[PDB]
Undergrad: 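Please find one structure pasted underneath; my questions will follow.
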Amino acid sequence: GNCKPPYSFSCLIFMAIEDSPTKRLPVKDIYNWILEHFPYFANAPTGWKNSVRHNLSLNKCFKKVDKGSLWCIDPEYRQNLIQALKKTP
DNA sequence: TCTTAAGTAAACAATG
DNA sequence: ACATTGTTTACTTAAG
Ligand SMILES: [Mg+2]
Ligand SMILES: [Mg+2]
């Protein structure tokens, strides 16, 4: 990991959850998927975690689920994330 | 232009 | 006593 990913935090989260076996992921698990699949953030300046939690709460695309709690993709905005994913892969 | 997405920092409350 | 998690405001840059 030497360069910043071309994907935005919204897409990284979407790729992490979508790769999950159940489309549901706690925050810390989302951290890992971003690290394992993107090692740039290993040496990246602290704050991307913050930017992640910031992105999960106000982005209409993600909705919490409580029966840390799990995050999932919103079915009505899922089409929105895929489009941004195809743009710059 | 008017608008919105996006990144980052910072400040908390709620959580266990 | 504490780190994690979650919400909120604020200033900035790029894109359309
Ligand atoms: Mg959300
Ligand atoms: Mg930017």
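In the text below, chain A, chain B and the rest are named by the order of the sequence lines, each starting its count at 1.
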Undergrad: With heavy-atom distances below 4.5 Å as the criterion, would you say the side chains of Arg24(A) and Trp71(A) are in contact?
TA: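 With C-beta onward as the side chain, the pair stays apart.
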
Undergrad: State whether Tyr31(A) and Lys49(A) meet the cation-pi test: NZ (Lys) or CZ (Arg) under 6.0 Å from the six-membered ring centroid, and within 45° of the perpendicular axis.
TA: yes

Undergrad: Do the ring planes of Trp48(A) and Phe41(A) sit parallel (below 30°), tilted (30 to 60°) or perpendicular (above 60°)?
TA: tilted

Undergrad: Is it the case that the side chain of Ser69(A) and the backbone of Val65(A) share a donor-acceptor pair, with hydrogens and angles ignored and the cut-off at 3.5 Å?
TA: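 Answer holds: no.
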
Undergrad: Taking the side chain as everything from C-beta on, heavy atoms only, tell me whether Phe14(A) gets closer than 4.5 Å to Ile82(A).
TA: yes

Undergrad: Where along residues 15-38 of chain A does a heavy atom come under 4.0 Å from DNA chain B, residue by residue in number order?
TA: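 Within residues 15-38 of chain A, no residue comes under 4.0 Å of DNA chain B.
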
Undergrad: Distance under 4.0 Å to a non-hydrogen atom of chain A counts as contact; along DNA chain C, which nucleotides mark the start and end?
TA: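 Contact boundaries, 5' end first: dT4(C) to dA10(C).
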
Undergrad: Of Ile17(A), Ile13(A), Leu25(A), which meets side chain to side chain contact (heavy atoms under 4.5 Å, CB included) against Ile73(A)?
TA: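 Exactly one candidate clears the test, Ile17(A).
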
Undergrad: Apply side chain to side chain contact (heavy atoms under 4.5 Å, CB included) to residues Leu85(A) and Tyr7(A) and explain how you reach the verdict.
TA: CA-CA 8 Å; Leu85(A) 192 287; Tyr7(A) 311 103; 4.0 Å; yes

Undergrad: Take nucleotides 3-16 of chain B nucleotide by nucleotide from the 5' end and write B, S or -, depending on whether a protein heavy atom sits under 4.0 Å from the base, only from the sugar-phosphate, or from neither.
TA: ---SSBBB------

Undergrad: Taking the side chain as everything from C-beta on, heavy atoms only, tell me whether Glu76(A) gets closer than 4.5 Å to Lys60(A).
TA: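 Contact flag for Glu76(A)/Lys60(A) side chains = no.
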
Undergrad: Report yes if the side chains of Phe62(A) and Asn55(A) come closer than 4.5 Å at any heavy-atom pair, otherwise no.
TA: yes

Undergrad: Would you indicate whether the side-chain heavy atoms of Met15(A) and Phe38(A) approach each other to under 4.5 Å?
TA: yes

Undergrad: Please figure out whether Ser69(A) or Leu58(A) has its closest DNA chain C nucleotide nearer the 5' end.
TA: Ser69(A)

